[PDB]
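Only one chain comes next, encoded as structure tokens, the form deposited in one PDB entry.
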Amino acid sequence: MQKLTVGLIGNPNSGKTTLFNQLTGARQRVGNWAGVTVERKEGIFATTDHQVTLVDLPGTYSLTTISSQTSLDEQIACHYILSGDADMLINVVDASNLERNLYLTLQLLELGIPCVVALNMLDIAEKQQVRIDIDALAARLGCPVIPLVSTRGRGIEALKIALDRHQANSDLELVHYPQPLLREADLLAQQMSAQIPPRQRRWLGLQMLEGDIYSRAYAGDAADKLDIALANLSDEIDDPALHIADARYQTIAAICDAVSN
């Protein structure tokens, strides 16, 4: 029995609290994110091989801020995910709004954090005549995808086995970004703290290029973005932030269509 730290993440209203309580029962403590007002719930449970600490993370639709005035809430889950204190994540997805929920899902697989998706609200999706091919969705995301109805407590056991068994998401060419954006995101990548693993480094350069406000603080060379963007003014010219998003959205668009009836 190894101790294992899992983060619980999701868009707001994906049924994350329900799930938190199904997993931890009465064994949960209420605290706050360090130096701040936002509440940090955390609790515990045991699968066949791990004694897990589950750390609830604030709802967010996206990790990336292109923006100024988002929130403190939405801005903290990035920070935690990137710190490494979590060994794997549970991604709570509202099956009834897949395409919209998968933006966040897809940023996490791009970060590379081991990840199991809790496809929650399978009953709401049926009531809307939405059928989803789970096996197919897992084959496209590269990570387990486990069916849930948190209200009833359906799937909690399979969600746990999944966590016992999953180690590493499948290594996938998920989003096709245009080459110049990549070339700069690696330029930006390769001049950053070596503790930060290579995928995450890359991901952050993409984020920097895209406009992310609070990403500049992990880089150690944002002294250096202004020139990345200029070297691009020729190439995938007008708008890096457009083509960056577009590529993720087409990815998620294609997935959703492969797999929803």
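From 1 onward, residues are counted along the sequence shown. We call the rigid core whatever largest set of C-alpha positions still superposes within 1.5 Å between the two forms.
Although it is not shown, the form deposited in another entry is what the next lines describe.
Quick one: core overlaid, is residue 46 moving 2 Å or more at the Cα between the shown form and the other one? Shift at residue 46: below 2 Å after core fit.
Once you line up the core, how about residue 232: does its CA shift reach 2 Å between the shown form and the other one? Yes: residue 232 shifts by at least 2 Å between the shown form and the other one.
Core superposition between the shown form and the other one, C-alpha change of residue 222 at least 2 Å: Comparing forms between the shown form and the other one, the residue 222 CA shifts at least 2 Å.
Answer with closer or farther for the CA-CA spacing of residue 210 and residue 230 in that other deposited form compared to the shown form; it moves by 3 Å or more. Closer together, by at least 3 Å.
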